[PDB]
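Following: one structure in structure tokens, then a few remarks.
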Amino acid sequence: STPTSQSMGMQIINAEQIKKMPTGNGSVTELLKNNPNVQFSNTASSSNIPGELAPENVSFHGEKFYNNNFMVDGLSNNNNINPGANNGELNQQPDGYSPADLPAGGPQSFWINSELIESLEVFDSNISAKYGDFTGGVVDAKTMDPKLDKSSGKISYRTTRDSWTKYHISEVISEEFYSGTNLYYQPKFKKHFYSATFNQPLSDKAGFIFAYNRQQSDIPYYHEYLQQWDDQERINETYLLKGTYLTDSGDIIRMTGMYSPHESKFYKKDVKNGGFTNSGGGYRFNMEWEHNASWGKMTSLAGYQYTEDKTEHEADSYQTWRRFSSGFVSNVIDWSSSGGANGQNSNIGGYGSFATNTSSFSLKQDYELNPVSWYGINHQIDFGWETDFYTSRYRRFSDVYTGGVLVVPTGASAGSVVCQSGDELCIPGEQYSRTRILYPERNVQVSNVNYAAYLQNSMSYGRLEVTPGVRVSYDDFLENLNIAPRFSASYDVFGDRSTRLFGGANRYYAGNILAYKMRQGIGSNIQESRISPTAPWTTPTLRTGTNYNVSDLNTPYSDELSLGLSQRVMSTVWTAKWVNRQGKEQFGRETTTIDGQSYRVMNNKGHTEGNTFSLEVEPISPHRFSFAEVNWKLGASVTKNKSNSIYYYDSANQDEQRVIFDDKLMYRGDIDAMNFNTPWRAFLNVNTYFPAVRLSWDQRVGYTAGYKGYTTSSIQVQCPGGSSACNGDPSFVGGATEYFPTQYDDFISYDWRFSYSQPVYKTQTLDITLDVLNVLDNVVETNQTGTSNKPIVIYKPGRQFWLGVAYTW
Ligand SMILES: CCCCCCCCO[C@@H]1O[C@H](CO)[C@@H](O)[C@H](O)[C@H]1O
Ligand SMILES: CCCCCCCCO[C@@H]1O[C@H](CO)[C@@H](O)[C@H](O)[C@H]1O
Ligand SMILES: CCCCCCCCO[C@@H]1O[C@H](CO)[C@@H](O)[C@H](O)[C@H]1O
Ligand SMILES: CCCCCCCCCCCC[N+](C)(C)[O-]
Ligand SMILES: CCCCCCCCCCCC[N+](C)(C)[O-]
């Protein structure tokens with residue numbers, strides 16, 4: 001059995017516990033909301049953005065949001081190229097809009113639905129040497145296994161809508177919002193979730209399981225100027241197939257296969273054929289071999305996993321044409337993109353396709369030895385190793401041409417454009433392009449190999465438990481070998497199990513980013529010119545634009561200290577604990593100069609702190625108090641998190657800037673963190689079951705410290721005189737931007753889930769499921785944008801209904 005000091009710092013959510021928490025989009029990170037050690041992006045749940053299907057972003061003890069280890073079925077599900085794009089916030093032009101974009105796709109490469117999952121193991125504190133490639137938390141999601149006894153199976157269906165959603169939108173925006181001209185202002189929409197599961201035995205000793213799961217979301221979108229309604233789309237799919245076979249020997253062989261594409265359908269604004277789609281996800285193949293020997297257990301795995309973020313546009317060339325201007329009106333340009341009174345231009349097309357992928361083959365092996373007493377104490381030993389050979393690419397699939405400067409001869413020479421038979425950049429009689437920019441077919445490619453091994457020894461003298469462990473890893477990307485001591489202890493103060501202390505000190509090293517590699521060539525373009533529209537294209541010249549590059553880096557780590565205490569007061573367990581995290585050597589941005597050419601490059605100048613006091617109360621067993629039965633759980637936390645100005649790996653170092661902030665003139669690097677920094681929150685869950693009418697009545701209540709919004713001075717406060725804070729440093733001379741707080745008040749969150757089951761033909765049932773999400777519909781500020789000039793507040797979703805129908809057998 002696992003050591004008591006490590007369980008103290010992990011969560012376990014089995015499938016029946018999952019079904020009893022009320023949910024929107026079922027997604028992995030959503031399930032973390034009952035964990036007092038985690039926080040979410042200020043924008044992660046917002047009323048502007050239903051219809052969106054991605055996973056929320058999460059940060060453990062205020063560590064980076066892209067420094068978590070997300071696993072599925074114990075294997076990595078992390079994007080190690082570009083996971084923290086735009087520090088996790090959305091972009092009015094999602095990445096791929098523009099020709100020279102590095103695709104994003106976020107911290108998880110497979111977006112797995114909250115069905116499909118048997119158990120979720122969530123480690124945040126005193127983590128095991130067995131787990132690496134994180135600074136923050138570990139989030140292992142175990143999919144459904146086959147059963148060998150019966151032929152289970154289920155078909156579900158589930159939906160929500162704009163009708164059914166009550167919105168909260170600022171005014172200021174409400175005009176623009178309801179026009180539906182903004183991608184991420186979605187007033188009208190429909191989500192649809194299908195699922196199908198087949199459990200299937202073959203022998204007394206072998207069976208498989210097929211599962212499928214589709215989430216889809218349609219969002220209308222309008223072009224002013226172009227004057228068209230197009231439909232945005234969001235599709236997530238998961239196909240899953242697992243066999244298991246028990247040998248004559250008593251050893252076990254498993255085999256998994258997964259395919260988890262997701263895509264997002266977008267539109268370049270007011271552009272004829274402006275469409276483009278952003279595919280993500282990929283697939284897996286496992287093969288796993290348990291062996292049960294006299295000494296212990298030995299599980300040996302081989303795996304392969306292709307994952308890919310690709311942007312693909314409706315067309316592979318882009319033009320900007322003129323509809324009309326002084327002296328000119330086209331017979332051929334129907335549409336417009338601008339609406340100027342005296343001049344209108346018309347954009348058409350797009351920037352080809354292009355992508356990043358990672359192909360990777362993995363070989364794990366883990367040993368669980370049987371306990372062994374030696375020199376008077378028990379030795380639970382684990383050890384193991386693993387190695388991963390991977391290859392990352394970026395590719396533009398084919399040459400994409402953009403139109404350059406325009407000509408529109410008018411007046412004396414008004415009709416005189418004479419085109420070439422094939423010429424995509426010439427409209428006979430009207431207009432042509434003098435220059436033309438070619439973004440070329442390209443390819444950049446890394447192939448690497450990481451190695452890791454770990455040894456742990458949980459020893460116990462009775463009363464005591466003390467588990468020193470080591471994880472050693474080497475990435476040949478940075479070529480660093482890192483050694484991570486993990487230490488975790490526990491003491492029982494009087495037999496009993498009534499009163500136990502525990503603590504520990506550990507170090508977690510992160511995995512790779514490697515975006516700066518993939519961007520190396522990126523944004524190369526070759527521009528040509530021509531005198532007339534029958535001249536040949538003449539003077540090709542290669543520009544690179546912003547150049548990116550590799551540098552000599554340390555691997556970012558996080559150091560931990562923990563101390564806690566678990567009391568059993570009555571028939572109710574009160575466990576309270578402290579954790580502190582120094583996050584160190586965190587990647588950021590530098591501009592460096594090589595040969596007169598300049599280069600964006602990664603540094604190790606970021607840093608973070610995390611400090612959390614967490615309490616947790618939970619009764620021993622449910623109350624049967626009588627005609628129904630009720631269980632309950634209660635979490636709470638107090639949380640101070642810190643940060644540089646280096647928010648993520650593409651943030652430049654603006655620490656030495658001077659900034660006014662709360663009343664006194666100070667350096668920017670020392671100001672409060674403004675994402676993942678809610679000072680406290682408490683939450684209670686109550687699951688109620690009325691067996692008399694087969695009705696489940698699940699409620700989540702929560703009281704939460706309010707948001708604190710900031711805005712900034714549009715104009716820098718110049719400083720010898722010009723603010724009475726300039727005296728905080730009389731010598732200082734220069735500018736400084738002032739931050740203006742608005743402290744919103746603490747708020748009550750309240751969520752419901754009903755689930756009624758109903759027999760149909762003996763062994764079958766039909767299940768009705770209803771979620772009421774913001775029950776009181778009360779308004780809460782989540783996030784604040786803009787200068788003081790124009791401040792914009794964003795709110796948490798109002799009351800929302802989800803309706804589900806399941807059919808089991
Ligand atoms: C279980 C074995 C996997 C079977 C899935 C085969 C279908 C994969 O389809 C492919 O997947 C990649 C990422 O999704 C894309 O980049 C490819 O262009 C696409 O054709
Ligand atoms: C768990 C600890 C294992 C240590 C292995 C260190 C390997 C360092 O050795 C390097 O590894 C590269 C990638 O594998 C090779 O291609 C290089 O030739 C070699 O310099
Ligand atoms: C068994 C008792 C568990 C509680 C451990 C006390 C942890 C105190 O630890 C301290 O907490 C401060 C917060 O006020 C932080 O400012 C400091 O960084 C930290 O050293
Ligand atoms: C038994 C379940 C198998 C899943 C069937 C999925 C069928 C659709 C495959 C994708 C094709 C696109 N579209 C829009 C028709 O769905
Ligand atoms: C892991 C076993 C699952 C195998 C399923 C293979 C998917 C077949 C492709 C059908 C079309 C899928 N897509 C992307 C169009 O939706």
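Ordering of the structure tokens sets the chain letters (A, B, ...), residue numbers begin anew at 1 in every chain, and ligands are numbered from 1 in the order given.
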
Among the residues of segment 451-592 of chain A, find those DSSP assigns to strand (DSSP E or B) from the backbone and print them as number ranges by chain. A: 451-462, 464-466, 469-475, 480-492, 499-509, 525-529, 541-543, 548-549, 557-568, 572-592

Within 7 Å of ligand 1, counting only C-alpha atoms and all ligand atoms, which protein or nucleic acid residues do you find, written as a VMD selection string? chain A and resid 257 to 261 280 to 285 306 to 308

Environment of ligand 4 within 9 Å, counting only C-alpha atoms and all ligand atoms, reported as a ChimeraX atom specification: /A:195-197,210-214,237,239

Determine which residues of segment 489-701 of chain A DSSP labels as helix (DSSP H, G or I) from the backbone of this structure, then write them out as an mmCIF file with N, CA and C atoms, in the first residue's frame.
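Result file follows (states-v1.cif):
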```cif
data_model
loop_
_atom_site.group_PDB
_atom_site.id
_atom_site.type_symbol
_atom_site.label_atom_id
_atom_site.label_comp_id
_atom_site.auth_asym_id
_atom_site.auth_seq_id
_atom_site.Cartn_x
_atom_site.Cartn_y
_atom_site.Cartn_z
ATOM 1 N N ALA A 515 9.737 25.809 -28.050
ATOM 2 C CA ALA A 515 9.105 26.617 -29.073
ATOM 3 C C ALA A 515 10.121 27.388 -29.893
ATOM 4 N N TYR A 516 11.112 27.962 -29.227
ATOM 5 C CA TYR A 516 12.118 28.803 -29.889
ATOM 6 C C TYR A 516 12.856 28.006 -30.935
ATOM 7 N N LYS A 517 12.985 26.707 -30.734
ATOM 8 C CA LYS A 517 13.490 25.842 -31.803
ATOM 9 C C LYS A 517 12.575 25.836 -33.003
ATOM 10 N N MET A 518 11.283 25.586 -32.780
ATOM 11 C CA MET A 518 10.356 25.368 -33.908
ATOM 12 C C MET A 518 10.120 26.636 -34.756
ATOM 13 N N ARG A 668 8.446 47.282 -11.096
ATOM 14 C CA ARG A 668 7.370 46.460 -11.614
ATOM 15 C C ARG A 668 7.479 45.005 -11.213
ATOM 16 N N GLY A 669 8.717 44.534 -11.070
ATOM 17 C CA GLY A 669 9.013 43.144 -10.722
ATOM 18 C C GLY A 669 8.548 42.734 -9.341
ATOM 19 N N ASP A 670 8.229 43.708 -8.493
ATOM 20 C CA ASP A 670 7.814 43.438 -7.114
ATOM 21 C C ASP A 670 6.314 43.612 -6.861
ATOM 22 N N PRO A 691 -33.277 6.980 -2.283
ATOM 23 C CA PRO A 691 -33.414 5.700 -2.968
ATOM 24 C C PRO A 691 -34.864 5.355 -3.239
ATOM 25 N N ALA A 692 -35.770 5.917 -2.432
ATOM 26 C CA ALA A 692 -37.219 5.766 -2.601
ATOM 27 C C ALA A 692 -37.739 6.116 -4.009
ATOM 28 N N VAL A 693 -37.251 7.222 -4.589
ATOM 29 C CA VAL A 693 -37.586 7.633 -5.980
ATOM 30 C C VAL A 693 -36.351 7.687 -6.935
#
```

Interatomic distance, atom CA of residue 366 of chain A to atom CA of residue 457 of chain A (Å, one decimal):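 Taking atom CA of residue 366 of chain A and atom CA of residue 457 of chain A, their separation equals 13.7 Å.
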
Suppose you want the space between atom CA of residue 734 of chain A and atom CA of residue 672 of chain A; what is it in Å? 22.4 Å

Counting only C-alpha atoms and all ligand atoms, what are the residues, protein, DNA or RNA alike, that approach ligand 3 to within 8 Å? I want them as number ranges by chain. A: 501, 562-565, 576-580, 611, 613

Can you tell me which residues sit at most 12 Å away from ligand 2, counting only C-alpha atoms and all ligand atoms, written as a ChimeraX atom specification? /A:364,383-390,447-455,470-484

For residue 54 of chain A, which residue out of A:108, A:641, A:712, A:534 is the nearest one, using only C-alpha atoms?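 Using only C-alpha atoms, residue 54 of chain A sits closest to A:108.
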
Quick one: residues within 10 Å of residue 652 of chain A, only C-alpha atoms counted, chain neighbours fewer than 3 positions away excluded, as a VMD selection string? chain A and resid 588 to 591 600 to 603 605 to 606 645 to 649 655

Would you put the residues from that selection into a file with N, CA and C atoms, as a CSV table (one decimal), in the first residue's frame?
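Below is the file selection_32.csv, written as the result:
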```csv
chain,number,residue,atom,x,y,z
A,588,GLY,N,12.0,32.9,-19.9
A,588,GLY,CA,11.5,34.2,-20.3
A,588,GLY,C,12.1,34.6,-21.7
A,589,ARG,N,12.0,35.9,-22.0
A,589,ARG,CA,12.4,36.3,-23.3
A,589,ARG,C,13.6,37.3,-23.3
A,590,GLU,N,14.5,37.2,-24.2
A,590,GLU,CA,15.7,38.0,-24.4
A,590,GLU,C,15.9,38.3,-25.8
A,591,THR,N,16.3,39.5,-26.1
A,591,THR,CA,16.7,39.8,-27.4
A,591,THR,C,18.2,40.0,-27.4
A,600,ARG,N,15.4,36.7,-31.0
A,600,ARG,CA,14.6,36.4,-29.8
A,600,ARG,C,15.0,35.1,-29.3
A,601,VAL,N,15.2,35.0,-28.0
A,601,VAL,CA,15.9,33.9,-27.4
A,601,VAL,C,15.4,33.6,-26.0
A,602,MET,N,15.5,32.4,-25.5
A,602,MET,CA,14.9,32.1,-24.1
A,602,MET,C,16.0,32.3,-23.1
A,603,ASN,N,15.6,32.8,-21.9
A,603,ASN,CA,16.5,32.9,-20.7
A,603,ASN,C,15.9,32.1,-19.6
A,605,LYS,N,15.2,33.8,-16.5
A,605,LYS,CA,15.1,35.0,-15.6
A,605,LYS,C,13.7,35.1,-14.9
A,606,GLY,N,12.8,34.2,-15.2
A,606,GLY,CA,11.5,34.2,-14.5
A,606,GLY,C,11.7,33.6,-13.1
A,645,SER,N,7.7,40.1,-13.5
A,645,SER,CA,7.0,40.5,-14.7
A,645,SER,C,7.1,39.5,-15.9
A,646,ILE,N,7.9,38.5,-15.7
A,646,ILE,CA,8.1,37.5,-16.8
A,646,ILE,C,7.0,36.5,-16.7
A,647,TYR,N,5.8,36.7,-17.3
A,647,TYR,CA,4.6,35.9,-17.1
A,647,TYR,C,4.8,34.6,-17.7
A,648,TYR,N,5.3,34.5,-19.0
A,648,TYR,CA,5.6,33.3,-19.6
A,648,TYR,C,6.8,33.3,-20.4
A,649,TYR,N,7.1,32.2,-21.1
A,649,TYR,CA,8.4,32.1,-21.8
A,649,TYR,C,8.6,33.0,-23.0
A,655,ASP,N,11.1,43.9,-15.5
A,655,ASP,CA,11.2,44.0,-14.1
A,655,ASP,C,11.8,45.4,-13.6
```

Which residues of segment 32-56 of chain A come within 10 Å of segment 87-104 of chain A, and what is each one's closest atom pair and distance in Å (one decimal), counting only C-alpha atoms, sorted by chain and residue number, as CSV?
```
residue,atom,partner,partner_atom,distance
A:41,CA,A:88,CA,7.8
A:42,CA,A:89,CA,9.2
A:43,CA,A:89,CA,7.0
A:44,CA,A:89,CA,8.2
A:56,CA,A:88,CA,9.2
```

Atoms to include: N, CA, C and O atoms. Write the selected residues as an mmCIF file, in the first residue's frame.
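The new file selection_37.cif reads:
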```
data_model
loop_
_atom_site.group_PDB
_atom_site.id
_atom_site.type_symbol
_atom_site.label_atom_id
_atom_site.label_comp_id
_atom_site.auth_asym_id
_atom_site.auth_seq_id
_atom_site.Cartn_x
_atom_site.Cartn_y
_atom_site.Cartn_z
ATOM 1 N N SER A 41 -7.201 30.339 -14.417
ATOM 2 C CA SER A 41 -7.013 31.585 -15.133
ATOM 3 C C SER A 41 -8.224 32.466 -14.872
ATOM 4 O O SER A 41 -9.359 32.014 -14.949
ATOM 5 N N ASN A 42 -7.971 33.719 -14.534
ATOM 6 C CA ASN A 42 -9.033 34.721 -14.434
ATOM 7 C C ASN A 42 -10.067 34.713 -15.591
ATOM 8 O O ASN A 42 -11.243 35.006 -15.372
ATOM 9 N N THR A 43 -9.637 34.348 -16.801
ATOM 10 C CA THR A 43 -10.517 34.315 -17.981
ATOM 11 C C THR A 43 -11.079 32.931 -18.297
ATOM 12 O O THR A 43 -11.771 32.754 -19.308
ATOM 13 N N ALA A 44 -10.785 31.958 -17.441
ATOM 14 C CA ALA A 44 -10.947 30.547 -17.792
ATOM 15 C C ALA A 44 -12.415 30.130 -17.878
ATOM 16 O O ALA A 44 -12.792 29.293 -18.720
ATOM 17 N N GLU A 56 -9.818 24.208 -19.431
ATOM 18 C CA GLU A 56 -9.484 25.397 -18.684
ATOM 19 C C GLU A 56 -8.010 25.309 -18.335
ATOM 20 O O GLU A 56 -7.413 24.276 -18.526
#
```

Contacts of residue 40 of chain A at 7 Å (only C-alpha atoms; same-chain gap of 2+ positions) as a PDB file with C-alpha atoms, in the first residue's frame:
```pdb
ATOM      1  CA  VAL A  38      -5.245  24.827  -7.416  1.00  0.00           C
ATOM      2  CA  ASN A  42      -9.033  34.721 -14.434  1.00  0.00           C
ATOM      3  CA  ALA A  44     -10.947  30.547 -17.792  1.00  0.00           C
ATOM      4  CA  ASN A  57      -6.005  26.369 -17.501  1.00  0.00           C
ATOM      5  CA  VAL A  58      -4.809  25.493 -14.071  1.00  0.00           C
ATOM      6  CA  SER A  59      -1.977  26.412 -11.745  1.00  0.00           C
ATOM      7  CA  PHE A 676      -3.904  32.930 -10.322  1.00  0.00           C
TER       8      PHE A 676
END
```

Measuring between only C-alpha atoms, which one of A:147, A:393, A:205, A:20 shows the shortest distance to residue 309 of chain A?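 The closest residue to residue 309 of chain A is A:393.
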
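Among the candidates A:182, A:80, A:539, A:236, the one nearest to ligand 5 when counting only C-alpha atoms and all ligand atoms is A:236.
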
Write out as a PyMOL selection string which residues come within 10 Å of residue 75 of chain A when counting only C-alpha atoms, dropping same-chain ones fewer than 3 positions away. chain A and resi 69-72+78+140-142+284+286+301+303+305+362+364

Grab the residues selected above and save them as an mmCIF file, in the first residue's frame with N, CA, C and O atoms.
```
data_model
loop_
_atom_site.group_PDB
_atom_site.id
_atom_site.type_symbol
_atom_site.label_atom_id
_atom_site.label_comp_id
_atom_site.auth_asym_id
_atom_site.auth_seq_id
_atom_site.Cartn_x
_atom_site.Cartn_y
_atom_site.Cartn_z
ATOM 1 N N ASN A 69 2.184 18.195 -15.166
ATOM 2 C CA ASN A 69 2.206 16.934 -15.894
ATOM 3 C C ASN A 69 0.816 16.399 -16.012
ATOM 4 O O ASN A 69 0.267 15.840 -15.063
ATOM 5 N N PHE A 70 0.244 16.582 -17.184
ATOM 6 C CA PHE A 70 -0.991 15.905 -17.513
ATOM 7 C C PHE A 70 -0.705 14.545 -18.151
ATOM 8 O O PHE A 70 -0.117 14.454 -19.234
ATOM 9 N N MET A 71 -1.134 13.491 -17.476
ATOM 10 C CA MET A 71 -1.100 12.170 -18.068
ATOM 11 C C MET A 71 -2.499 11.640 -18.393
ATOM 12 O O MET A 71 -3.510 12.125 -17.868
ATOM 13 N N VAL A 72 -2.537 10.660 -19.292
ATOM 14 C CA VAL A 72 -3.689 9.755 -19.410
ATOM 15 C C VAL A 72 -3.175 8.316 -19.427
ATOM 16 O O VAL A 72 -2.225 7.995 -20.140
ATOM 17 N N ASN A 78 1.198 15.839 -22.484
ATOM 18 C CA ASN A 78 1.650 17.236 -22.467
ATOM 19 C C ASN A 78 2.138 17.725 -23.813
ATOM 20 O O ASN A 78 2.763 16.998 -24.546
ATOM 21 N N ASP A 140 -3.026 12.763 -13.479
ATOM 22 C CA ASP A 140 -3.141 11.476 -14.190
ATOM 23 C C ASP A 140 -4.590 11.020 -14.238
ATOM 24 O O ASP A 140 -5.250 10.850 -13.204
ATOM 25 N N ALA A 141 -5.046 10.801 -15.461
ATOM 26 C CA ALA A 141 -6.409 10.463 -15.728
ATOM 27 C C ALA A 141 -6.446 9.079 -16.317
ATOM 28 O O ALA A 141 -5.922 8.861 -17.398
ATOM 29 N N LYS A 142 -7.069 8.145 -15.605
ATOM 30 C CA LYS A 142 -7.100 6.744 -16.024
ATOM 31 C C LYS A 142 -8.412 6.415 -16.695
ATOM 32 O O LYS A 142 -9.474 6.620 -16.121
ATOM 33 N N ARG A 284 -2.413 7.249 -30.095
ATOM 34 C CA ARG A 284 -1.510 6.447 -29.306
ATOM 35 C C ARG A 284 -1.565 4.956 -29.632
ATOM 36 O O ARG A 284 -2.540 4.488 -30.214
ATOM 37 N N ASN A 286 -0.367 1.655 -26.954
ATOM 38 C CA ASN A 286 0.382 1.070 -25.830
ATOM 39 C C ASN A 286 0.512 -0.398 -26.024
ATOM 40 O O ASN A 286 -0.121 -0.947 -26.900
ATOM 41 N N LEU A 301 6.339 -1.328 -20.238
ATOM 42 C CA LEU A 301 5.509 -0.731 -21.260
ATOM 43 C C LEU A 301 6.285 -0.227 -22.454
ATOM 44 O O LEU A 301 7.337 0.364 -22.289
ATOM 45 N N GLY A 303 5.328 2.275 -25.890
ATOM 46 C CA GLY A 303 4.313 3.152 -26.484
ATOM 47 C C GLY A 303 4.731 4.061 -27.640
ATOM 48 O O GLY A 303 5.891 4.419 -27.772
ATOM 49 N N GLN A 305 3.165 7.548 -29.928
ATOM 50 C CA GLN A 305 2.231 8.663 -29.793
ATOM 51 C C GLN A 305 2.592 9.839 -30.675
ATOM 52 O O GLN A 305 3.473 10.635 -30.319
ATOM 53 N N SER A 362 8.235 5.349 -26.723
ATOM 54 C CA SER A 362 8.561 5.335 -25.297
ATOM 55 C C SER A 362 8.676 3.912 -24.763
ATOM 56 O O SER A 362 7.948 3.008 -25.187
ATOM 57 N N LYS A 364 8.988 2.307 -20.946
ATOM 58 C CA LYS A 364 9.019 2.485 -19.507
ATOM 59 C C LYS A 364 9.370 1.181 -18.853
ATOM 60 O O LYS A 364 9.329 0.162 -19.500
#
```

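In this model, the gap between atom CA of residue 209 of chain A and atom CA of residue 79 of chain A comes to 27.1 Å.
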